[PDB]
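Chains as they are written, first to last, in the deposited numbering: chain C, 1 to 13; chain A, 237 to 443; chain B, 237 to 419, 421 to 443. Every residue gets a Cβ at the ideal spot worked out from N, C-alpha and C, and that includes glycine. Below is one structure; the comments refer to it alone.
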Amino acid sequence: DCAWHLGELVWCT
Amino acid sequence: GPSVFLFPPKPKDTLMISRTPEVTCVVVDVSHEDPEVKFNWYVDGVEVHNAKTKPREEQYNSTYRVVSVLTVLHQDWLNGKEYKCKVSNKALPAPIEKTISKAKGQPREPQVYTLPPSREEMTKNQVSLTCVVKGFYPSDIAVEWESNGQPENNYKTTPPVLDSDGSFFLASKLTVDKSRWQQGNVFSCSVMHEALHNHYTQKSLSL
Amino acid sequence: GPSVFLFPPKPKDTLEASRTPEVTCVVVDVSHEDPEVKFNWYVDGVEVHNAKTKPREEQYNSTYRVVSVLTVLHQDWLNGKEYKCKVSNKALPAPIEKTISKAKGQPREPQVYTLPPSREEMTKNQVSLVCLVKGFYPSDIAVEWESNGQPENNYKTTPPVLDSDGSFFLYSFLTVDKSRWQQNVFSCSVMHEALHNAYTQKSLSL
Ligand SMILES: *[C@@H]1O[C@H](CO[C@@H]2O[C@@H](C)[C@@H](O)[C@@H](O)[C@@H]2O)[C@@H](O[C@@H]2O[C@H](CO)[C@@H](O[C@@H]3O[C@H](CO[C@H]4O[C@H](CO)[C@@H](O)[C@H](O)[C@@H]4O[C@@H]4O[C@H](CO)[C@@H](O[C@@H]5O[C@H](CO)[C@H](O)[C@H](O)[C@H]5O)[C@H](O)[C@H]4NC(C)=O)[C@@H](O)[C@H](O[C@H]4O[C@H](CO)[C@@H](O)[C@H](O)[C@@H]4O)[C@@H]3O)[C@H](O)[C@H]2NC(C)=O)[C@H](O)[C@H]1NC(C)=O
Ligand SMILES: *[C@@H]1O[C@H](CO[C@@H]2O[C@@H](C)[C@@H](O)[C@@H](O)[C@@H]2O)[C@@H](O[C@@H]2O[C@H](CO)[C@@H](O[C@@H]3O[C@H](CO[C@H]4O[C@H](CO)[C@@H](O)[C@H](O)[C@@H]4O[C@@H]4O[C@H](CO)[C@@H](O[C@@H]5O[C@H](CO)[C@H](O)[C@H](O)[C@H]5O)[C@H](O)[C@H]4NC(C)=O)[C@@H](O)[C@H](O[C@H]4O[C@H](CO)[C@@H](O)[C@H](O)[C@@H]4O)[C@@H]3O)[C@H](O)[C@H]2NC(C)=O)[C@H](O)[C@H]1NC(C)=O
């Protein structure tokens, strides 16, 4: 899955 | 002669795949007589050639400021590669070398906790929301606050403090109008750190 | 030529009646060939004579460090008096003067809020007890923890952070064995000039 921060891509694994 | 300062990328840039992390080699006290500077860059000893010189900037105290920017790969940095900037200039008897990288050591995951205001502060016009971040290594981190998908900018975060187990801790405090707190609004503390799952965790807090 | 650095007293020393605050004038790069250092101290421009010179120290780099210590009264420092060190030396084209005082600006009372450990941290071996100290000025402060009169030594404290209103805050964390928390009243103590008796204590228990 992935992480978002204020709608910006953080990182995915 | 000239002086050289080598700066790491921003925690956030290294940690968000949507951002571009760069290392910056700043040369100050470059003279009007010999403004020409040569940069050589090295990653773990190996010369790379993709650095870009920024526009030269007149400082008005007799000297120029000259800057070389090297883009780096997120994982390269996080894996702890060493980035060497080497500066040559006619006013320098020997080229100056500088090297930075991430602090060395086994990265450790931060535990994040939110703490509501003391009841004793419920007398004030504004109130403090606490985000405790402890047990992280290395010290490179980014903490921000939000509510309803919008950034809340009225916070301050302590510098990180080296704890007794060799990891770090910090506290971030967000100051909200008491009304905003009493009305049930949900406030979120966002932490970005290399050792978090997907470099990210969020913790929420409401009345 | 030698170089001068002027240091203030320890916040704790200015705030505890029983301790002796002092202002310290440290001259470095004092040459072997001329080690004579004349000290002239001034308090608000008025020359004082009670300064005491420390034992001269040889530094590994072939120079002398020369120190002059001036005791100050608590009320003098806290009331904003200006302390000037003037340092004369033969290896110096003209004497070097340095000045220090307390941070200028209206003092402001620290608010002291103890914050219990999060429900999330309760599933760990050691819990964090939090005491937030905010809205104080100047930043000169001391934080300690205790219990039953016995001083708990296991805590860490952030340096003061400048806040958006011009005051400072900090956090102090006392980490305790999770057993003790279910099993004692814990206290956070703050010393700061703008407190009553320059001292307050807040307590915390489950
Ligand atoms: C002529 O003037 C120049 C310019 O000076 C400016 O203008 C004059 C009028 C004055 O107002 C100055 O105050 C102005 O700065 C003089 O050049 C200065 O020389 C200083 C010493 O020679 C040098 O000191 C060293 O600074 C380091 C920290 O520098 C930071 O922070 C300061 C502000 O605090 C800032 O001014 C600097 O530019 C620098 O800022 C960082 O820049 C980097 C690179 O761009 C940033 O990193 C990047 O960020 C971007 C996004 O922004 C992106 O994310 C990139 O990926 C990332 O890499 C970073 O974010 C900026 N940080 C901040 C906080 O803003 C100190 O570390 C260093 O200390 C160390 O070395 C000392 C020895 O000297 C030791 O004693 C000490 O212990 C330390 O180890 C130095 O103090 C100044 O930085 C330099 N100023 C500039 C602007 O370059 C020049 O001296 C003068 N000549 C003469 C003859 O007088
Ligand atoms: C020959 O060597 C000497 C000595 O160097 C030492 O030995 C070598 C081999 C190494 O091991 C070094 O690490 C050793 O230091 C050189 O002398 C040095 O010169 C430096 C500059 O030339 C000078 O830098 C300045 O330091 C300031 C901070 O000083 C603090 O802290 C440092 C450690 O972090 C320490 O070195 C200092 O001694 C000093 O320590 C404080 O001392 C005061 C006075 O005793 C204490 O206050 C008292 O405390 C008592 C209780 O104990 C009591 O309560 C009293 O009430 C109270 O007054 C205080 O507790 C101590 N604090 C700490 C943390 O220890 C910097 O702030 C300063 O920066 C400023 O400079 C600029 C302005 O001009 C600005 O950039 C900036 O904004 C600052 O304002 C200086 O950089 C070193 O201190 C000095 N070292 C010593 C030991 O004196 C010498 O230069 C060299 N010769 C040659 C030719 O090179």
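Have a look at the DSSP bridge pairing and note the partners of residue i.
{"i": "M428(B)", "result": "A378(B)"}
{"i": "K370(B)", "result": "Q347(B)"}
{"i": "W277(B)", "result": "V284(B) and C321(B)"}
{"i": "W277(A)", "result": "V284(A) and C321(A)"}
{"i": "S337(B)", "result": "The partner list for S337(B) (beta bridge, DSSP) is empty, contrary to what the question assumes."}
{"i": "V266(B)", "result": "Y300(B)"}
{"i": "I377(A)", "result": "For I377(A), which the question treats as bridged, DSSP gives no partner whatsoever."}
{"i": "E294(A)", "result": "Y300(A)"}
{"i": "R344(A)", "result": "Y373(A)"}
{"i": "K439(A)", "result": "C425(A)"}
{"i": "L398(B)", "result": "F404(B)"}
{"i": "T359(A)", "result": "None, per the DSSP bridge assignment."}
Answer yes or no: the CB of residue i versus the heavy atoms of ligand 1, is any distance below 7 Å?
{"i": "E333(A)", "result": "no"}
{"i": "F243(A)", "result": "yes"}
{"i": "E258(A)", "result": "yes"}
{"i": "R301(A)", "result": "yes"}
{"i": "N286(A)", "result": "no"}
{"i": "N276(A)", "result": "no"}
{"i": "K246(A)", "result": "yes"}
{"i": "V264(A)", "result": "yes"}
{"i": "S239(B)", "result": "no"}
{"i": "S400(B)", "result": "no"}
{"i": "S337(A)", "result": "no"}
{"i": "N325(A)", "result": "no"}
{"i": "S298(A)", "result": "yes"}
{"i": "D249(A)", "result": "yes"}
Is there at least one non-hydrogen atom of ligand 2 closer than 7 Å to the beta-carbon of residue i?
{"i": "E258(B)", "result": "yes"}
{"i": "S383(B)", "result": "no"}
{"i": "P352(A)", "result": "no"}
{"i": "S239(A)", "result": "no"}
{"i": "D249(B)", "result": "yes"}
{"i": "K246(B)", "result": "yes"}
{"i": "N297(B)", "result": "yes"}
{"i": "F243(B)", "result": "yes"}
{"i": "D376(B)", "result": "no"}
Measure the beta-carbon distance from residue i to residue j and round it to whole angstroms, keeping in mind my assumption that it falls under 8 Å.
{"i": "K392(B)", "j": "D401(A)", "result": "Not confirmed; about 11 Å, so no contact."}
{"i": "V323(A)", "j": "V263(A)", "result": "6 Å"}
{"i": "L368(B)", "j": "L410(B)", "result": "Going by Cβ atoms, the distance from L368(B) to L410(B) rounds to 12 Å, so no, they are not a contact pair."}
{"i": "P271(A)", "j": "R255(A)", "result": "That belief does not hold up - the Cβ atoms of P271(A) and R255(A) are roughly 32 Å apart, past 8 Å."}
{"i": "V259(A)", "j": "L306(A)", "result": "5 Å"}
{"i": "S408(A)", "j": "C367(A)", "result": "4 Å"}
{"i": "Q386(A)", "j": "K370(A)", "result": "Actually they do not touch by this definition, with Cβ atoms about 27 Å apart."}
{"i": "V422(A)", "j": "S383(A)", "result": "6 Å"}
{"i": "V412(B)", "j": "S440(B)", "result": "Rounded, the Cβ-Cβ distance is 14 Å, inconsistent with contact."}
{"i": "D265(A)", "j": "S304(A)", "result": "That pair is no contact at about 16 Å."}
{"i": "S403(B)", "j": "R344(B)", "result": "5 Å"}
{"i": "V240(B)", "j": "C261(B)", "result": "7 Å"}
Taking the beta strand (DSSP E) that residue i falls in, what are its first and last residues?
{"i": "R301(B)", "result": "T299 to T307"}
{"i": "residue 420(B)", "result": "For chain B, the structure lists 419 followed at once by 421, and that leaves residue 420(B) out of the model."}
{"i": "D413(A)", "result": "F404 to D413"}
{"i": "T256(B)", "result": "Counting along the chain, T256(B) falls outside any beta strand (DSSP E), and DSSP gives it neither H nor E."}
{"i": "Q295(B)", "result": "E293 to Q295"}
{"i": "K439(B)", "result": "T437 to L441"}
{"i": "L251(B)", "result": "Unbroken run through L251(B) is the alpha helix (DSSP H), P247 to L251; no beta strand (DSSP E)."}
{"i": "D265(A)", "result": "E258 to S267"}
{"i": "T299(A)", "result": "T299 to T307"}
{"i": "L242(B)", "result": "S239 to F243"}
{"i": "residue 180(A)", "result": "Chain A is shown from 237 up to 443; residue 180(A) falls before or after that span and cannot be answered."}
Quick one: give me the first and last residue of the alpha helix (DSSP H) that residue i is part of.
{"i": "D312(A)", "result": "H310 to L314"}
{"i": "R416(B)", "result": "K414 to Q418"}
{"i": "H5(C)", "result": "Note, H5(C): premise wrong, no alpha helix (DSSP H); beta strand (DSSP E) at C2 to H5."}
{"i": "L251(A)", "result": "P247 to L251"}
{"i": "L314(B)", "result": "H310 to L314"}
ask   = Okay, do the stretch 424-437 of chain B and the stretch 344-357 of chain B touch, 3+ Cβ pairs below 8 Å being the bar?
value = With a cut-off of 8 Å, the stretch 344-357 of chain B and the stretch 424-437 of chain B count as touching, because enough Cβ pairs lie within range.
inquiry  = Does the contact criterion of 3 or more C-beta pairs under 8 Å hold for the stretch 372-390 of chain A versus the stretch 372-387 of chain B?
reply    = Because the criterion of three Cβ pairs below 8 Å is not met, the stretch 372-390 of chain A and the stretch 372-387 of chain B do not touch.
ask   = With a cut-off of 8 Å, do at least 3 Cβ pairs link the stretch 304-311 of chain B to the stretch 276-289 of chain B?
value = Yes, they touch.
request  = For the stretch 282-298 of chain A and the stretch 323-342 of chain A, state whether three or more C-beta atom pairs, one from each stretch, are separated by less than 8 Å.
outcome  = Per the Cβ contact rule, the stretch 282-298 of chain A is not in contact with the stretch 323-342 of chain A (fewer than 3 Cβ pairs under 8 Å).
request  = Could you say if the stretch 311-328 of chain B and the stretch 426-441 of chain A meet the contact criterion of at least three C-beta pairs nearer than 8 Å?
outcome  = Taking one beta carbon from each stretch, the stretch 311-328 of chain B and the stretch 426-441 of chain A have fewer than 3 pairs nearer than 8 Å; the two do not touch.
query = How about the stretch 277-286 of chain A and the stretch 242-252 of chain A: do they share at least three Cβ pairs that are nearer than 8 Å?
reply = Contact check between the stretch 277-286 of chain A and the stretch 242-252 of chain A: fewer than three CB pairs, one atom from each, fall below 8 Å, which does not count as touching.
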